[PDB]
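Sequential numbering of the sequence shown, starting at 270, is according to PDB author numbering. No residue lacks a Cβ here, since even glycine has one placed at the ideal position from N, Cα and C. See below for the structure under consideration.
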Amino acid sequence: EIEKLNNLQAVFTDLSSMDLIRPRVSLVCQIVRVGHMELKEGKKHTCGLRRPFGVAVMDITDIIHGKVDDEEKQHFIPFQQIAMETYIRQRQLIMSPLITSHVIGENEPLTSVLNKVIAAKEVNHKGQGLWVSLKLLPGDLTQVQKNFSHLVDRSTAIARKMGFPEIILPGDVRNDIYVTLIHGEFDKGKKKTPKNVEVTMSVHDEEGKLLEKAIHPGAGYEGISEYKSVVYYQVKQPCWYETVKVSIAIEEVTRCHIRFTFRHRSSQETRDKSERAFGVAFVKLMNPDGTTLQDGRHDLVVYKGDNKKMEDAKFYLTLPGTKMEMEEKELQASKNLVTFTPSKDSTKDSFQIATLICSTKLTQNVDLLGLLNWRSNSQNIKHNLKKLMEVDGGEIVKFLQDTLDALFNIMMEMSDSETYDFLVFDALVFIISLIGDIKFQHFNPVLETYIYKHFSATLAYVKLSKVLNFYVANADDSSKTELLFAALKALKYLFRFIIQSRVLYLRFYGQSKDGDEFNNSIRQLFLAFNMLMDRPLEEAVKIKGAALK
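What follows is the structure in structure tokens.
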């Protein structure tokens, strides 16, 4: 692109304070040639196909540390090519030729070349490489584009960190579904040469319509309908590890899936286009329980058989897309012997992907939605409430407001059961404890936003006072000790919610017919703290300390 050579500026924002202080950081440029499979002249070869060339690595840890910051410096990153050493040394081997081997000069994945370049401090570039002026600019994208507009303008290419910052700004609307094609074992089958498998993954809706521009090869590049994986010249297990950008709208991603098509790519264009993708994978970005695809590894399964059937969104989507999916279907078919015949089409071919979902609304947990489905998951509310605290506060904070409202509504409808009251209480205590953390402090304003605006309780304060009074009356308990202690640590917003419920009661009933009862609750809480404290110090020294706190 002629309009990019003088505009090729790369910026990597979202580097948290933890990102810089990492011991070893390297800017790794992956160089992949696109075109002919074989550098041979005389016959037509399939063009437009991506082949591995080499990896260029420098330890920019000191550069990201800010140790050397100078615009005139052009740090030359040496380029290391894949070892295509099969022509120079082959000319001198006499008096004992006993060799039965092959040429491996392009089939190594870029992962191993990158590993070698990382290990080898000196890169035998031999005059091949690139120049990049590397600098660290403090602040976020706005500050870097405003404090360093000359350095970083709006046209400057922007790339984000593969992860999450130390500060989650409330409303960081992002759907960075980073799909990485780790590996896939594809059967050679009838073809003696291993198939030049390509992961032509494709984003289709539940109707199967391919969603164009959904897949982005990387930063600074527009999206594409389908992304092609790197060609490996007859590898049984082509290892790609290719990180791409998948930008699906969080509202439409609920009905969006990526269909991973793998085609055998013979050395000739006629055979290449005459060979259809022998096997296709796919994954729903949704768990069956109404939650989006989880963060981590997922092992896709390559199916075989009719090509029309395997492209039928009403058929292949119904088929288990992952190994865990086949295991789940088999186990559930083990308890029901009702029309469950496993198909021989389940070949041993499988595919592996990694999906780091950097999203703000996408939800990945079953217990969370079970509580969010409490009105119809009443049978598991006791289980869901216990199993909430295992869920990280990061997943909670996406819908903390609705979680609070659901807990309060659970209190509204079925307050008779005090055990669920205790479960909700302890879960909320954990909520406040985690939001008070530096990671989650920024959503405390959002928490207050819910309190002052979206809080929807009118008597929950009564029950909270009851339960907390039970805590303080049962202060000496060891099992309660941490609970009451964390309640102390969370008293502020606890009573903010209590008083909000009380004032909503007042404004929904005009005058408190139980204002005497409410203030009596306050006073009896006071005398309860008196009963807590008059006990000997030694049992609860830190508890009285936190009480004073």
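Check residue i in the structure and name its three-state DSSP category.
{"i": "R293", "result": "coil"}
{"i": "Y502", "result": "coil"}
{"i": "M658", "result": "coil"}
{"i": "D671", "result": "helix"}
{"i": "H567", "result": "strand"}
{"i": "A582", "result": "coil"}
{"i": "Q710", "result": "helix"}
{"i": "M555", "result": "strand"}
{"i": "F754", "result": "helix"}
{"i": "residue 833", "result": "Given that the chain is displayed from residue 270 to residue 818, the structure contains no residue 833 and the question cannot be resolved."}
{"i": "residue 235", "result": "Shown here, the chain extends from 270 to 818; a query on residue 235 therefore has no answer."}
{"i": "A279", "result": "strand"}
{"i": "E467", "result": "strand"}
{"i": "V326", "result": "strand"}
{"i": "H314", "result": "coil"}
{"i": "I332", "result": "helix"}
{"i": "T523", "result": "helix"}
{"i": "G440", "result": "coil"}
{"i": "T591", "result": "strand"}
{"i": "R644", "result": "coil"}
{"i": "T539", "result": "helix"}
{"i": "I484", "result": "strand"}
Rounded to whole angstroms, what's the CA-CA distance from residue i to residue j? Just pull it up for me.
{"i": "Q670", "j": "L697", "result": "11 Å"}
{"i": "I720", "j": "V666", "result": "15 Å"}
{"i": "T512", "j": "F787", "result": "58 Å"}
{"i": "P557", "j": "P507", "result": "30 Å"}
{"i": "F777", "j": "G432", "result": "45 Å"}
{"i": "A546", "j": "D618", "result": "13 Å"}
{"i": "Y689", "j": "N738", "result": "16 Å"}
{"i": "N444", "j": "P434", "result": "15 Å"}
{"i": "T624", "j": "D685", "result": "43 Å"}
{"i": "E375", "j": "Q503", "result": "10 Å"}
{"i": "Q397", "j": "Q350", "result": "9 Å"}
{"i": "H711", "j": "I437", "result": "7 Å"}
{"i": "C525", "j": "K497", "result": "19 Å"}
{"i": "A729", "j": "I767", "result": "7 Å"}
{"i": "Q769", "j": "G705", "result": "19 Å"}
{"i": "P407", "j": "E377", "result": "38 Å"}
{"i": "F691", "j": "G559", "result": "28 Å"}
{"i": "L410", "j": "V421", "result": "9 Å"}
{"i": "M364", "j": "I357", "result": "19 Å"}
{"i": "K313", "j": "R534", "result": "14 Å"}
{"i": "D441", "j": "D283", "result": "12 Å"}
{"i": "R540", "j": "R532", "result": "11 Å"}
{"i": "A389", "j": "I332", "result": "19 Å"}
{"i": "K818", "j": "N275", "result": "60 Å"}
Do residue i and residue j have their C-beta atoms within less than 8 Å of each other?
{"i": "residue 834", "j": "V303", "result": "An answer regarding residue 834 cannot be provided, because it is not within the stretch 270 to 818 covered by the chain."}
{"i": "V468", "j": "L450", "result": "yes"}
{"i": "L277", "j": "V324", "result": "no"}
{"i": "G492", "j": "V552", "result": "no"}
{"i": "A428", "j": "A488", "result": "yes"}
{"i": "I622", "j": "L569", "result": "yes"}
{"i": "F281", "j": "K404", "result": "no"}
{"i": "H473", "j": "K514", "result": "no"}
{"i": "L638", "j": "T632", "result": "yes"}
{"i": "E659", "j": "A582", "result": "no"}
{"i": "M306", "j": "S536", "result": "yes"}
{"i": "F699", "j": "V741", "result": "no"}
{"i": "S702", "j": "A759", "result": "yes"}
{"i": "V448", "j": "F455", "result": "no"}
{"i": "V715", "j": "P292", "result": "no"}
{"i": "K482", "j": "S494", "result": "yes"}
{"i": "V499", "j": "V301", "result": "yes"}
{"i": "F620", "j": "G453", "result": "yes"}
{"i": "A755", "j": "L763", "result": "no"}
{"i": "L640", "j": "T672", "result": "yes"}
{"i": "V294", "j": "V386", "result": "no"}
{"i": "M555", "j": "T523", "result": "yes"}
Considering only DSSP beta bridges, list what residue i is partnered with.
{"i": "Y447", "result": "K514, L625"}
{"i": "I665", "result": "Answer by DSSP bridge pairing: none, since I665 is not bridged."}
{"i": "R528", "result": "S471, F551"}
{"i": "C298", "result": "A325"}
{"i": "residue 819", "result": "What the structure shows of the chain is the stretch from 270 to 818, and residue 819 is not part of that stretch, so it cannot be assessed."}
{"i": "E495", "result": "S471"}
{"i": "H452", "result": "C508, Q621"}
{"i": "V303", "result": "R319"}
Any heavy atom of the ligand FMN closer than 7 Å to the beta-carbon of residue i?
{"i": "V386", "result": "As for the ligand FMN, it is missing from this structure, which has no ligand bound."}
* Contiguous alpha helix (DSSP H) assignments of at least 4 residues, all confined to the segment 341–409 -> 379–388
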